[PDB]
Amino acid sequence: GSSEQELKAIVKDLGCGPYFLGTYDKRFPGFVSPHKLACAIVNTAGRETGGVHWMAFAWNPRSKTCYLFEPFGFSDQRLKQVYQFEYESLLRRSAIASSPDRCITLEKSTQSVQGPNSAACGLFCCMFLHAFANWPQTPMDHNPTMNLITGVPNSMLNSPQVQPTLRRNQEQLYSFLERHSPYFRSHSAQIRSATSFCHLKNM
């Protein structure tokens, strides 16, 4: 997988520093940023347990949109079932601190970009945050970064027929990082091995 130190260096290389709050566990409080773009990488587990899975949250203060990009695109019920993760409190806190009307639009990905056995979740979150820092009104799709990868229905995550698309996404992710991150370039072989497409495949 990816450690926090790795993800912070790569998000800084991709130009997201001006908006990046850092890496957090499931207790990420939410956004206190009524007038500034902001984003964060958040784990589904608590720091006590050790990391489990990475997601990215991002906030556009002009449209009052809170984006959630979790690389498998699970539904809210599946996030609670699979990872015991819920994010109602951070949405509530974000709306009360950051919008005079106490309302926001939540826009969340509903497709998987990551293979079921891949350990590249944190790297996909970095890639989405480059998309957000440059296209904060359309980060999920229809932008030069996200056009390199292709989501598939989360209900088809384990089906053979979507694997080539998910493997192509992983290849495009690593190539994107080679062109934009000196830190990834200098740790290329190591990060590709620790995050590989079938890193977690059953034996």
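In this text, residue numbers run from 1 along the sequence as written. Throughout, rigid core stands for the largest set of C-alpha atoms superposing within 1.5 Å between the two forms.
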Core-fitted comparison in 5 other deposited structures of this protein, 29 to 37 vs 167 to 175, farther C-alphas: 29 to 37
Stretch with greater C-alpha deviation in 5 other deposited structures of this protein, 81 to 89 versus 116 to 124 (rigid core superposition): 81 to 89
Residue stretch of maximal mean CA temperature factor, 27 to 35 vs 134 to 142: 27 to 35
Of 41 to 49 and 55 to 63, the stretch whose C-alpha atoms average the higher B-factor in the entry: 41 to 49
Residue with maximal Cα B-factor (values as given in the PDB entry) among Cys125, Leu90, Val113, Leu106: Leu90
B-factor third for the C-alpha atom of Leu129 within its chain: lowest
Relative C-alpha B-factor of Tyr83, binned into the chain's lowest, middle or highest third: highest
Among modelled residues of the same chain, the CA temperature factor third for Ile96: highest
